[PDB]
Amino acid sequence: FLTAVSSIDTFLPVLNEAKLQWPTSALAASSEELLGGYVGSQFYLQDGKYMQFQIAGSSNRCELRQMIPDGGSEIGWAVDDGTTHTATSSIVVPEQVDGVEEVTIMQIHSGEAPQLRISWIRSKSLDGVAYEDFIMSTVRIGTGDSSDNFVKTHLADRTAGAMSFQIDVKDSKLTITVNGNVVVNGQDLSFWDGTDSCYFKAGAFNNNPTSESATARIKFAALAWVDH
């Protein structure tokens, strides 16, 4: 059998506060199943140290969804409760195979929409400028579909080596730090004031692939979700 992510200590804190959704939004493994050695080609310990997610198919996913710790049910939090909600990761995004076009690797999501997606993108124009093989943030500042509902930012070109991300939400402001540098500084989340159903996600959520069989693959060297 492939080696399970829970066979080492590194990911136990996040697995204790997550369920796995795979290959759709439906539950694949409870927190206790994750801590108890759930494993497959979609979710296994790679190179002895990475929690690796793999998924093919349009809008399919292999993704952790934040839960109340210690076997609890789904968590929901607010963007302006006075605390800081923080997700920290170290991610190796390998070169993606032909057919994979965009992979969402971290989110803030709520009952009805994603407040934030961090995604790898093969190629895209942002604000009249072309970028290739890069990491992007997409923030929703409304629920509609026109462009005024989104703020998109080039976070970094994809690197061979691990790339760290810190997502901080405090007092209706979002900050994203990449490799220790603030890239998104205090993006307004006040559109979501009153929402108490937000939560973190991380893994691989395959968006708009050109082929249904192309398998997205994302490796986490570290992942934690905390409330300060």
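Just count from 1 along the sequence shown to find any residue number.
A summary of the deposited B-factors shows that, of 142-150 and 94-102, the stretch with the larger mean C-alpha value is 142-150. For the pair 14-22 and 206-214, the mean Cα B-factor is higher in 206-214. Comparing C-alpha B-factors across 64, 45, 183, 27 in the deposited entry, the largest value falls on 27.
Looking only at 176, 160, 35, 51, the residue with the top Cα B factor in the deposited structure is 160. Per the PDB record, residue ranking by Cα B-factor puts residue 4 in the middle third of the chain. Residue-level temperature factors show residue 85 in the middle third of its chain, judged at the C-alpha atom.
Among all modelled residues in its chain, residue 125 ranks in the middle third by Cα B-factor.
When the modelled residues of the chain are ordered by C-alpha B-factor, residue 113 sits in the highest third.
When all modelled residues of the chain are sorted by CA temperature factor, residue 155 is found within the middle third.
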